[PDB]
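Q: Take a look at this one; I'll ask things after.
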Amino acid sequence: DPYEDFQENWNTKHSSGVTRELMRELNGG
Amino acid sequence: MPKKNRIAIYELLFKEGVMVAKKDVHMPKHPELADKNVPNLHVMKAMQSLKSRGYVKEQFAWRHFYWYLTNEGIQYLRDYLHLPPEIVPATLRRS
Amino acid sequence: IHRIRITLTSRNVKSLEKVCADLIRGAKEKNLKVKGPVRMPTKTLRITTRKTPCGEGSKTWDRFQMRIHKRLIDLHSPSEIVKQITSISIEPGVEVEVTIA
Amino acid sequence: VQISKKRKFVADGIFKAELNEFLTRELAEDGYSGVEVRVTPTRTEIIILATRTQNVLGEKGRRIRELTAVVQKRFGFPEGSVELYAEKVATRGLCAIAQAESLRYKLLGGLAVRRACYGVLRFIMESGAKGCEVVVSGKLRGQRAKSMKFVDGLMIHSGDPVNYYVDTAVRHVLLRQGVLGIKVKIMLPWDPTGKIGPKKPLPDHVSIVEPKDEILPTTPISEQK
RNA sequence: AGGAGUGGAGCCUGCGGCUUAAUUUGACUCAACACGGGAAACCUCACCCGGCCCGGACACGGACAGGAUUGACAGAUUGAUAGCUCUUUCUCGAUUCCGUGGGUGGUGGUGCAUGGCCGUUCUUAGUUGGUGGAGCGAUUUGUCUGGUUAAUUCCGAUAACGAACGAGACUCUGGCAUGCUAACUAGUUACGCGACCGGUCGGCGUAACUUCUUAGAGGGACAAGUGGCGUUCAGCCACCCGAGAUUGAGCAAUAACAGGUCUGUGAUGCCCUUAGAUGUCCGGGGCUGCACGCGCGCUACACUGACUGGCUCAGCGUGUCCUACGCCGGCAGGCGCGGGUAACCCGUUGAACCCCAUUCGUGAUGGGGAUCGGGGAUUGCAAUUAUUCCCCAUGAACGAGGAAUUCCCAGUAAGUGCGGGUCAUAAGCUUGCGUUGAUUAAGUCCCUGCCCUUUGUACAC
């Protein structure tokens, strides 16, 4: 789940990856 | 174990199909199979051997074991008791 | 015929008093001489358990209770009609016991 | 002679506790909700509440037939004195047992904790409750334990209205790497009995009727009838 | 301000520490230390010394009906009549064994891998969206200068309005009802009867009825009335009438502890162990050992007392093991008889301080009973490492306790017994109950600690 991944990992090392996956989930594609 | 203790265990697994216990190892008499002098250990370990075959369903509670029939347990019993399929157990008595 | 007594015991009070009122109204319907519902001293079972499972904290205790209200209505009527009235108002949570002669 | 009323009334309790424990352990898949033991010296019937009651029976009344003989040969009382009755629940959304096993289905069905808890939350709040809370605790992500509350609506925590306006359920789910435990509470609504919620209102909820406009007088009317 | 103390003595219990074959282990400021319902003779039971059993399901291959397994008397060894092993060499018809796989059961390890429960911050009064304002925004207002309250309890101002959780309300309990409902398992009053001097009867049976006794429904109290003090507002104080103008508890938010608990769980992950078994039964020790420290307590140190007679009163509870009655005994106890699954029997629960008399009179006393020798009697398979209980002896410290420190504001401290849990035998523990029943305070932030507002930061673990 990209929402839960983003809210858990936004501070960690994997913050940019979960941000990109959240934006992929949000803005179509 | 002796063989005559095991043969009276399958008979009440056909008409009804269920068999309970106590998980008491040193209990000298299983009270449901009275007048046969079978211990609780020799029905409990026998059903433990039957659960690895896959012929009884395991469900435990506070103290008592519980064992149901399997749908493949009817055919395994009807030949072991040498019964015909013309007689009907308590499955199809009401309605 | 003497000493026809009905024992009504329950765990709650509301359903027990409703069953008592229905039995007294039904005995009024049968026009019998009826000793009403007497009220026995209610029993309360006390169990006082330590609240913790291990034994670490500040020694707090629990205090459980079961209040068993017990009533008795009494009749002076022959034995054939006392079985008719007790069989109508079947109701959960209560327990009925009758004694005769 | 029989047993004393003190020891009788407690022994009616340990019967319904072991029965409910064994019923949860067996019927934790077909949505078991609760028993109702109507005692009678003729037949002590046991009414099973369930979500999908037709699937409890088996093939034309086959699966519960096993449970009849189980409870017959277990508790010592003879046959012909017990009648099982698999009854459909009133609302599954207003039963804490029925929701806290549905969340086990979704968590063990491999779904995100957010969507599962919010879907059960949506279903409870659309089912008519005044509010509910779902707490999932354990090793949710990693190996340091978290908790996750999902509050929605109203909830009571204090005083005697917590005894009949909420219903709690604690279920342990078994995952690969440990145990999660979920806790679900539902604050039940009103409706003086429609068989849902308490009849009693909340003890600080004052409700004041609206006054009706009486026709104001101008002249002293002495109207005979 | 005081009261009772504790810390001082003996003893009892729990921790360290010394030993030990083993003295199983958790828990160490509040938030460990009479806590683990933890008062363990065996079991419990983890620990130590030995000794049996498989309770190794299931699958594979071998042995395989020239047998794998089992009981084995007697002798030997043992602690055993444990066949556990050698001889004695027989049953036992594959119920098995050997290996390979892999399960199992573990009060074994991690509680810093977890669940659940509990404890603590904190029972302090805190907490938070929605929509609206203000800001580019982080954010802020609401959630406040103030008065008031036990309380973010309210008034009042007021860019906020309404709400919600917690508080309160609620639930249980205590106090009032000669109003109601009733009552042969509770009674009152009356009438006869019976007994002894119109009197005493817990003595007998009818009769009015509920005051007493039970338990339901409902009232009742709301700062309501009056007088002060109040932005005369929220409210505070005093009094009247009243049973009562604070009854005591239960429940208890958000967010948190690397709080405790795998030893309560067939809640549980991994790890260890699995047939000289960390599984389990059997038997015996140990858990209690004792130069010394530390905590809960009990008995006390006397005359406001002790010893002995007499008299007189409870409540909450338990009971298939509780006990009524007659006999034998100094007594603990023996015998038989009954009742009670219980407002019916114990039971009128004939409790102890307290009271009324006798003796002892300020001393290491007869206070105080520890420590010890003998018997006697119960519960148990078993009492020596006294299990308890009774009777004779012996008589210790102890002369009101430093530094320090705990709890408490009304049927409350404190004194005093009774009951429940544990319980075969068992309370100095704890949890409840009644009886007797006060001193002082009705205030503050000085100490202990918590919170809020104005400082400022080199702070943002």
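In the structure tokens, chains take the letters A, B, ... in the order shown, each chain's residues start at 1, and ligands count up from 1 in the order shown.
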Within 7 Å of region 403-417 of chain E, counting only C-alpha atoms (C1' of nucleotides), which residues qualify if same-chain residues fewer than 4 places away don't, as a PyMOL selection string?
A: chain E and resi 4+351-353+441
Q: In chain A, what's helix (DSSP H, G or I) per DSSP? Answer as a ChimeraX atom specification?
A: /A:2-9,15-26
Q: Please identify every residue of chain C that has at least one atom no farther than 9 Å from an atom of chain D, counting only C-alpha atoms, and for each give the shortest atom pair and the distance in Å to one decimal, arranged by chain then increasing number, as a tab-separated table.
A:
```
residue	atom	partner	partner_atom	distance
C:9	CA	D:5	CA	8.5
C:10	CA	D:9	CA	8.6
C:11	CA	D:9	CA	8.1
C:43	CA	D:6	CA	8.2
C:45	CA	D:6	CA	7.9
C:66	CA	D:10	CA	8.7
C:68	CA	D:6	CA	8.1
C:90	CA	D:40	CA	8.6
C:91	CA	D:38	CA	8.3
C:92	CA	D:38	CA	6.0
C:93	CA	D:38	CA	8.2
C:95	CA	D:39	CA	8.7
```
Q: Within 9 Å of chain A, which residues of chain D are there when counting only C-alpha atoms? Please give them as a list in words.
A: residues 111, 112, 113, 114, 115 and 141 of chain D
Q: To one decimal place, how far is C1' of residue 134 (chain E) from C1' of residue 452 (chain E) in Å?
A: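 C1' of residue 134 (chain E) sits 25.3 Å away from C1' of residue 452 (chain E).
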Q: Which residues are near region 55-59 of chain B? Cut-off 8 Å, only C-alpha atoms (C1' of nucleotides), ignore same chain within fewer than 5 positions. Put them as a ChimeraX atom specification.
A: /B:47,50,65-70,72-73 /D:25-26
Q: Those selected residues, please, written with N, CA, C and O atoms and delivered as an mmCIF file, in the first residue's frame.
A:
```cif
data_model
loop_
_atom_site.group_PDB
_atom_site.id
_atom_site.type_symbol
_atom_site.label_atom_id
_atom_site.label_comp_id
_atom_site.auth_asym_id
_atom_site.auth_seq_id
_atom_site.Cartn_x
_atom_site.Cartn_y
_atom_site.Cartn_z
ATOM 1 N N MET B 47 -6.450 -41.973 18.830
ATOM 2 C CA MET B 47 -6.951 -40.897 17.991
ATOM 3 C C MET B 47 -5.833 -39.961 17.544
ATOM 4 O O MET B 47 -5.951 -39.323 16.492
ATOM 5 N N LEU B 50 -4.758 -41.662 14.580
ATOM 6 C CA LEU B 50 -5.742 -41.460 13.526
ATOM 7 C C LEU B 50 -5.713 -40.051 12.947
ATOM 8 O O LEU B 50 -6.145 -39.861 11.805
ATOM 9 N N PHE B 65 -10.372 -33.160 24.568
ATOM 10 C CA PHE B 65 -10.181 -33.339 23.144
ATOM 11 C C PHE B 65 -11.534 -33.482 22.463
ATOM 12 O O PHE B 65 -12.530 -33.861 23.082
ATOM 13 N N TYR B 66 -11.573 -33.165 21.175
ATOM 14 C CA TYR B 66 -12.775 -33.378 20.382
ATOM 15 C C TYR B 66 -12.377 -33.860 18.999
ATOM 16 O O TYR B 66 -11.419 -33.355 18.410
ATOM 17 N N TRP B 67 -13.115 -34.841 18.486
ATOM 18 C CA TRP B 67 -12.756 -35.486 17.233
ATOM 19 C C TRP B 67 -14.005 -35.764 16.420
ATOM 20 O O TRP B 67 -14.876 -36.520 16.857
ATOM 21 N N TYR B 68 -14.076 -35.179 15.233
ATOM 22 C CA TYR B 68 -15.205 -35.364 14.337
ATOM 23 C C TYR B 68 -14.861 -36.390 13.269
ATOM 24 O O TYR B 68 -13.707 -36.790 13.094
ATOM 25 N N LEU B 69 -15.893 -36.806 12.547
ATOM 26 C CA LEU B 69 -15.707 -37.623 11.364
ATOM 27 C C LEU B 69 -15.157 -36.770 10.233
ATOM 28 O O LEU B 69 -15.409 -35.566 10.156
ATOM 29 N N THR B 70 -14.407 -37.405 9.347
ATOM 30 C CA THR B 70 -14.137 -36.831 8.041
ATOM 31 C C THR B 70 -15.107 -37.407 7.021
ATOM 32 O O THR B 70 -15.731 -38.446 7.243
ATOM 33 N N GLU B 72 -14.261 -38.641 4.235
ATOM 34 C CA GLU B 72 -13.650 -39.888 3.810
ATOM 35 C C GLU B 72 -13.623 -40.932 4.914
ATOM 36 O O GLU B 72 -13.196 -42.063 4.668
ATOM 37 N N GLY B 73 -14.051 -40.584 6.124
ATOM 38 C CA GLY B 73 -14.100 -41.561 7.192
ATOM 39 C C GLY B 73 -15.259 -42.526 7.123
ATOM 40 O O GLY B 73 -15.215 -43.572 7.777
ATOM 41 N N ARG D 25 -13.686 -21.558 19.396
ATOM 42 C CA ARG D 25 -12.554 -22.286 18.833
ATOM 43 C C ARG D 25 -12.954 -23.126 17.627
ATOM 44 O O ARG D 25 -12.176 -23.264 16.676
ATOM 45 N N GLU D 26 -14.160 -23.688 17.636
ATOM 46 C CA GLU D 26 -14.558 -24.477 16.479
ATOM 47 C C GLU D 26 -15.105 -23.596 15.363
ATOM 48 O O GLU D 26 -14.676 -23.708 14.210
#
```
Q: Which one is closest to residue 36 (chain B): B:49, B:8, B:64, B:54? Count only C-alpha atoms.
A: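 Ranked by minimum distance to residue 36 (chain B), first place goes to B:8.
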Q: Within region 29-84 of chain D, find each residue whose DSSP state, derived from the backbone, is strand (DSSP E or B), and express the selection as a list in words.
A: residues 32, 33, 34, 35, 36, 37, 38, 45, 46, 47, 48, 49, 50 and 84 of chain D
Q: Can you tell me which residues surround residue 147 (chain D) at a distance of at most 12 Å, considering only C-alpha atoms (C1' of nucleotides), apart from same-chain residues fewer than 2 positions away, and format the answer as a ChimeraX atom specification?
A: /D:113,134-141,144-145,149-150,180-183 /E:114-115,256
Q: Just give me the gap between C1' of residue 280 (chain E) and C1' of residue 81 (chain E) in Å, one decimal is fine.
A: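 Between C1' of residue 280 (chain E) and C1' of residue 81 (chain E) the gap is 23.5 Å.
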Q: What is the distance, in Å and to one decimal place, between CA of residue 77 (chain D) and CA of residue 43 (chain D)?
A: 10.2 Å
Q: Chain C near chain E within 9 Å: what's each residue's closest atom pair and its distance in Å to one decimal, counting only C-alpha atoms (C1' of nucleotides), ordered by chain then ascending residue number, as CSV?
A:
```
residue,atom,partner,partner_atom,distance
C:17,CA,E:216,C1',8.3
C:35,CA,E:183,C1',7.6
C:36,CA,E:182,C1',6.2
C:37,CA,E:182,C1',6.9
C:38,CA,E:183,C1',5.2
C:39,CA,E:215,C1',5.6
C:40,CA,E:343,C1',6.2
C:41,CA,E:343,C1',6.2
C:42,CA,E:215,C1',8.4
C:46,CA,E:420,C1',8.7
C:47,CA,E:421,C1',8.8
C:48,CA,E:431,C1',7.1
C:49,CA,E:37,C1',7.7
C:50,CA,E:37,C1',7.5
C:51,CA,E:118,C1',6.8
C:52,CA,E:118,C1',4.6
C:53,CA,E:117,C1',6.6
C:54,CA,E:261,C1',5.1
C:55,CA,E:36,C1',4.7
C:56,CA,E:260,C1',5.6
C:57,CA,E:119,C1',4.5
C:58,CA,E:119,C1',6.5
C:59,CA,E:35,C1',8.3
```
Q: Distance cut-off 12 Å, counting only C-alpha atoms (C1' of nucleotides) - which residues of chain B neighbour chain E? Return them as a short mmCIF file (atom, residue, chain, number, x, y, z; two decimals) with C-alpha atoms, in the first residue's frame.
A:
```cif
data_model
loop_
_atom_site.label_atom_id
_atom_site.label_comp_id
_atom_site.auth_asym_id
_atom_site.auth_seq_id
_atom_site.Cartn_x
_atom_site.Cartn_y
_atom_site.Cartn_z
CA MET B 1 -2.04 -51.75 22.97
CA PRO B 2 -4.28 -54.77 22.41
CA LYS B 3 -6.49 -55.01 19.35
CA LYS B 4 -9.82 -55.56 21.12
CA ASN B 5 -9.66 -52.11 22.70
CA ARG B 6 -9.49 -50.37 19.33
CA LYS B 23 -6.44 -35.36 28.19
CA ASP B 24 -5.84 -37.34 31.37
CA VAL B 25 -2.93 -39.73 30.85
CA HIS B 26 -3.12 -41.60 34.16
CA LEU B 41 -4.46 -43.09 27.25
CA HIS B 42 -5.42 -45.87 24.83
CA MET B 44 -6.32 -40.59 23.23
CA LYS B 45 -3.14 -41.95 21.63
CA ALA B 46 -5.19 -44.03 19.19
CA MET B 47 -6.95 -40.90 17.99
CA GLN B 48 -3.56 -39.18 17.81
CA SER B 49 -2.50 -41.97 15.45
CA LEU B 50 -5.74 -41.46 13.53
CA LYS B 51 -5.18 -37.71 13.15
CA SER B 52 -1.92 -38.27 11.25
CA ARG B 53 -3.81 -40.47 8.82
CA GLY B 54 -6.24 -37.57 8.52
CA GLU B 58 -8.65 -31.86 15.91
CA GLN B 59 -10.32 -29.31 18.15
CA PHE B 60 -9.25 -28.70 21.73
CA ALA B 61 -10.93 -26.79 24.55
CA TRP B 62 -10.29 -26.17 28.25
CA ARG B 63 -9.52 -29.84 28.95
CA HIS B 64 -11.35 -32.08 26.49
CA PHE B 65 -10.18 -33.34 23.14
#
```
Q: Could you work out which residues of chain D fall inside 9 Å of chain B? Count only C-alpha atoms, and format the result as a PyMOL selection string.
A: chain D and resi 18+21-22+25-26+60-62+65-67+69-70+73-74
Q: For chain D, report every residue with an atom at most 8 Å from chain E (counting only C-alpha atoms (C1' of nucleotides)), formatted as a ChimeraX atom specification.
A: /D:1-5,138-139,143-145,154-161,172,176-181,203-204
Q: Please, could you write that set of residues out with N, CA, C and O atoms as a CSV table (one decimal), in the first residue's frame?
A:
```
chain,number,residue,atom,x,y,z
D,1,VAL,N,-30.6,-35.9,47.1
D,1,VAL,CA,-30.5,-34.5,47.4
D,1,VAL,C,-29.7,-33.8,46.2
D,1,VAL,O,-29.0,-34.5,45.5
D,2,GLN,N,-29.8,-32.5,46.0
D,2,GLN,CA,-29.1,-31.8,45.0
D,2,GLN,C,-28.2,-30.8,45.6
D,2,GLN,O,-27.9,-30.8,46.8
D,3,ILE,N,-27.6,-30.0,44.7
D,3,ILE,CA,-26.5,-29.1,45.1
D,3,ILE,C,-27.2,-27.8,45.6
D,3,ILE,O,-28.3,-27.5,45.3
D,4,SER,N,-26.4,-27.0,46.4
D,4,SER,CA,-26.9,-25.8,46.9
D,4,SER,C,-27.0,-24.7,45.9
D,4,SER,O,-26.4,-24.7,44.9
D,5,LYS,N,-27.9,-23.7,46.1
D,5,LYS,CA,-28.2,-22.7,45.2
D,5,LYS,C,-27.0,-21.8,44.9
D,5,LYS,O,-26.8,-21.3,43.7
D,138,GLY,N,1.0,-5.0,17.5
D,138,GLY,CA,2.0,-6.0,17.3
D,138,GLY,C,3.1,-5.6,16.4
D,138,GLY,O,3.4,-4.4,16.3
D,139,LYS,N,3.8,-6.6,15.8
D,139,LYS,CA,4.9,-6.3,14.9
D,139,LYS,C,4.3,-6.1,13.5
D,139,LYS,O,4.3,-6.9,12.6
D,143,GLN,N,10.5,-5.2,13.5
D,143,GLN,CA,10.5,-6.0,14.7
D,143,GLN,C,10.4,-5.2,16.0
D,143,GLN,O,10.8,-5.7,17.0
D,144,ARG,N,10.1,-3.9,15.9
D,144,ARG,CA,9.6,-3.2,17.1
D,144,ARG,C,8.1,-3.1,17.0
D,144,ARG,O,7.6,-2.7,15.9
D,145,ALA,N,7.5,-3.3,18.1
D,145,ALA,CA,6.0,-3.4,18.1
D,145,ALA,C,5.4,-2.0,18.1
D,145,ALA,O,5.8,-1.1,18.8
D,154,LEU,N,-18.3,8.4,18.3
D,154,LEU,CA,-18.2,8.6,19.7
D,154,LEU,C,-17.8,7.3,20.4
D,154,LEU,O,-17.9,6.2,19.8
D,155,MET,N,-17.3,7.5,21.6
D,155,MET,CA,-16.9,6.3,22.4
D,155,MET,C,-17.0,6.7,23.8
D,155,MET,O,-16.7,7.8,24.2
D,156,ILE,N,-17.5,5.7,24.6
D,156,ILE,CA,-17.6,5.9,26.1
D,156,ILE,C,-16.4,5.1,26.7
D,156,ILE,O,-16.2,4.0,26.3
D,157,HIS,N,-15.8,5.7,27.8
D,157,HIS,CA,-14.8,4.9,28.5
D,157,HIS,C,-15.1,4.8,30.0
D,157,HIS,O,-14.4,4.0,30.6
D,158,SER,N,-16.0,5.5,30.5
D,158,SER,CA,-16.1,5.7,31.9
D,158,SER,C,-17.6,5.6,32.4
D,158,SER,O,-18.5,6.0,31.7
D,159,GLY,N,-17.8,5.0,33.5
D,159,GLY,CA,-19.1,4.9,34.2
D,159,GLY,C,-19.9,3.7,33.6
D,159,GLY,O,-19.6,3.0,32.7
D,160,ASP,N,-21.0,3.4,34.3
D,160,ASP,CA,-21.9,2.3,34.0
D,160,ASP,C,-22.5,2.2,32.6
D,160,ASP,O,-22.8,1.1,32.2
D,161,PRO,N,-22.7,3.3,31.8
D,161,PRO,CA,-23.1,3.1,30.4
D,161,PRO,C,-22.0,2.4,29.6
D,161,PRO,O,-22.4,2.1,28.5
D,172,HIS,N,-6.8,-12.8,18.7
D,172,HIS,CA,-5.4,-12.9,18.3
D,172,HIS,C,-5.4,-13.5,16.9
D,172,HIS,O,-6.0,-14.5,16.6
D,176,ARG,N,3.1,-15.0,10.4
D,176,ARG,CA,4.3,-15.8,10.3
D,176,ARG,C,5.3,-15.6,11.4
D,176,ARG,O,6.0,-16.5,11.8
D,177,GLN,N,5.5,-14.4,11.8
D,177,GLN,CA,6.6,-13.9,12.7
D,177,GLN,C,6.1,-13.6,14.1
D,177,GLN,O,6.9,-13.0,14.9
D,178,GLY,N,4.8,-13.8,14.4
D,178,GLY,CA,4.4,-13.5,15.8
D,178,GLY,C,2.9,-13.5,15.9
D,178,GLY,O,2.2,-14.1,15.0
D,179,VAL,N,2.4,-12.8,16.9
D,179,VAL,CA,1.0,-12.6,17.1
D,179,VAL,C,0.6,-11.2,17.0
D,179,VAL,O,1.3,-10.4,17.7
D,180,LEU,N,-0.3,-10.8,16.2
D,180,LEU,CA,-1.0,-9.5,16.4
D,180,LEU,C,-2.3,-9.8,17.2
D,180,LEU,O,-3.0,-10.8,17.0
D,181,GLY,N,-2.6,-8.8,18.0
D,181,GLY,CA,-3.9,-8.9,18.7
D,181,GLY,C,-4.7,-7.7,18.3
D,181,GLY,O,-4.3,-6.6,18.3
D,203,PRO,N,-27.2,8.8,30.1
D,203,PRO,CA,-27.8,9.4,31.3
D,203,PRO,C,-27.5,10.8,31.6
D,203,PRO,O,-27.8,11.4,32.6
D,204,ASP,N,-26.9,11.5,30.6
D,204,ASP,CA,-26.8,12.9,30.6
D,204,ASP,C,-27.4,13.6,29.3
D,204,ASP,O,-27.1,14.7,29.0
```
Q: Excluding same-chain residues fewer than 5 positions from residue 63 (chain E), what lies within 12 Å of it counting only C-alpha atoms (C1' of nucleotides), as a PyMOL selection string?
A: chain E and resi 68+94+96-99
